[PDB]
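First the structure, in the form of structure tokens, and then the observations on it.
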Amino acid sequence: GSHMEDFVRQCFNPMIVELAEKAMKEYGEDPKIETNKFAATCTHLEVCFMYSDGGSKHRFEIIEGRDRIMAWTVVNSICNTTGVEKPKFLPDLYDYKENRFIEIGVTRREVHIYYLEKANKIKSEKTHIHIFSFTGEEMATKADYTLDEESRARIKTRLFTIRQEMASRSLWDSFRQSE
Ligand SMILES: COc1cc(CCNC(=O)c2[nH]c(-c3ccccc3F)nc(=O)c2O)ccc1O
Ligand SMILES: [Mn+2]
Ligand SMILES: [Mn+2]
């Protein structure tokens, strides 16, 4: 019973919490011990959901928040339909408007450091990368931030609200020095 766990359950939406619990357990991990990663998984989930909520109704296909098999199954259907190459690592969304997959990232370092980390992991110059930070910064591939400034601003605001709430409970320091 950690403070972080009870904060995550109060700060985040119940479906998002349930989805982060499944996702960690599927990879042999307990939201009750690795609670800093519990909070991070919820954060990454919410950001992905607000992101798809930006733009038009049929614009995005949500890959994050499914189980491994069904997620991949949809990645196929997208590839064997649009001709886009099959990514080596599971992405977060697919853009039907731009015809490309999106890897969303949420970092407690510089967006510089962390995009470099992921851009080297995925290597493929097809999958679009978009980064958010808890300080309000953002960095996307080819400076193509995909969404409206207003939609990205809402995400940035929510990320800073989570930081303040974590800090007022003294959990922020441990959360930052954990990534
Ligand atoms: C790292 O171990 C895990 C790995 C997986 C497989 C799929 N992974 C993602 O889809 C993912 N995961 C994270 C993330 C993970 C832990 C802590 C902070 C994070 F931001 N960021 C992303 O951008 C992202 O796209 C499922 C749960 C995990 O616990
Ligand atoms: Mn993902
Ligand atoms: Mn991601």
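Across region 17-110 the C-alpha pair distances fall into 5 Å bins from zero in the proportions 3, 13, 22, 22, 19, 12, 6, 2, 0 percent.
Please get the size of the charge dipole for region 9-70, origin at its Cα centre, with Cβ charges of +1 on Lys and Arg and -1 on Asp and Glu, quoted in debye to the nearest 20.
Working: 9 positive and 11 negative charges, 21 e Å.
Charge dipole of region 9-70: 100 debye, to the nearest 20.
In this Cβ point-charge picture (+1 for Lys and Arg, -1 for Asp and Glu), the chain has a dipole of about 240 debye about its Cα centre. Angle of helix 14-26 to the longest C-alpha principal axis of the chain, folded into 0 to 90 degrees and rounded to 10: 80°. Cα centroids of region 112-179 and region 10-88: how far apart, whole angstrom? About 16 Å separates the Cα centre of region 112-179 from the one of region 10-88. Dipole of region 94-179 computed with +1 at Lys/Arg Cβ and -1 at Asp/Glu Cβ about the Cα centre; of 178, 134, 162, farthest Cα towards the positive end is 178. Taking max minus min of the alpha-carbon positions on each principal axis, the chain gives extents of 48, 32, 31 Å, largest first.
Can you tell me the order of 94-100, 124-130, 37-43 when each peptide is scored by its average per-residue count of other Cβ atoms within 10 angstrom, highest first?
Working: 94-100: 15.9, 124-130: 17.9, 37-43: 22.6.
Order by mean packing, descending: 37-43, 124-130, 94-100.
Heads up, the Cβs are rebuilt from the backbone with ideal geometry, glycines too, and the neighbour counts pull from every protein chain shown. Coordinate-derived values only; no laboratory data.
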